[PDB]
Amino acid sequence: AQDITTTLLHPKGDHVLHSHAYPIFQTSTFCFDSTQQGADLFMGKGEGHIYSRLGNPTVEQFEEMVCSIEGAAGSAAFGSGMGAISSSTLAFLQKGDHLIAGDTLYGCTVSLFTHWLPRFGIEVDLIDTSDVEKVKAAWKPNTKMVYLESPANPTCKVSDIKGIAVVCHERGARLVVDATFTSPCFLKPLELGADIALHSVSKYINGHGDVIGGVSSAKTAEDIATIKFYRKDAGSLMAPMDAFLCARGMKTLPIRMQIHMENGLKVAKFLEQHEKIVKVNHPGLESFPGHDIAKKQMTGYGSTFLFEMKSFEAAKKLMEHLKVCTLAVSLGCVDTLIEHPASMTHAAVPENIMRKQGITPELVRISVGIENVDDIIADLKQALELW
């Protein structure tokens, strides 16, 4: 079996005009040889292109790369992770359906499920999905989907994806997993029983902090076709230039992830043993609840995680006195980022959900990059040891 590094570097497809790099198809439309040839493409008959919203060669190449690492039937790229999330949920849910989702999700996913879905007649319950029994207790005759993020952003709360999949499969619900925090090198939800695996490509997959994008991959040709049908009407698209950049970033994804994983575990162990640090939420630590599920169902760990200082003042002193880490939201970049969930990425999360999520002002989230780990640790150590 060919390694994933080789696969990403040698993706299926013909070269265009013998170009070694795949060209940027910065075009809106494509030409027809004849009215019949154009009519046929519109009926899905024959090979070729029509209009970039329906399909763009550069974007399609990026889609093939993702599909090959997810083990999917097809992938669809989007203008953002949120575009991938919207199109993987609202392409299937309709008025009268029920959604069960994790109670600890990315802030704007909470916003989508909590503000927009109910306006479309979709019933939603945010549930502690780390407990299968609670998922089952929340099930109704009209449940059509379960949506999980694991490890969750930002607390790293782990859900039993396999266990929950069994229930979805027995009851006729789709299982959709946001695997953004771990990347497809380490988490392959289609192997664990998910029907759809999605990512904010803005994070690890692109890895270079210079693109916003999303991707979704489906186990079934029918589901990916439905997703793309939704996309053509809802219109969240990956631009050709952004696709070119995301494919290029993805060329180094396996080696970047290996370094992210190792650096993040070492930073977590350093923080864990430090006097100033109360607790560290990294799913690769033996102290972490759900470490056992995470080590069985994933093949590695992303390097974004959260830790608890003794006070909000202590957290602010740390965050404001770093020279290598950069104070900023987002994650999964080559350089290390740090932020304060309570007042930033999760500050829009309604108060009842934010306390069920366990987000307090003492918490700091760090997204460890690929800098030399000793430099990262020395930067944290000097700030923690300030006068």
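When you see a residue number, it is the position in the sequence shown, counting from 1.
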Per the entry, where is the mean C-alpha temperature factor higher: 348 to 356 or 61 to 69? 348 to 356
Higher avg CA temperature factor (263 to 271 vs 225 to 233, as deposited) belongs to 225 to 233
Looking at 200, 252, 104, 150, which has the highest CA B-factor as recorded? 104
Name the one of 256, 248, 296, 208 with the greatest CA B-factor according to the PDB entry. 296
On the chain's distribution of Cα B-factors, residue 188 falls within the third called lowest
Considering only modelled residues of the same chain, in which third does the CA B-factor of residue 29 rank: lowest, middle or highest? highest
Pull the Cα B-factor of residue 142 out of the PDB entry and bin it into the chain's lowest, middle or highest third. highest
Split the chain's modelled residues into thirds by Cα B-factor; residue 109 lands in the middle
Among the modelled residues of its chain, does the C-alpha B-factor of residue 369 lie in the lowest, middle or highest third? lowest
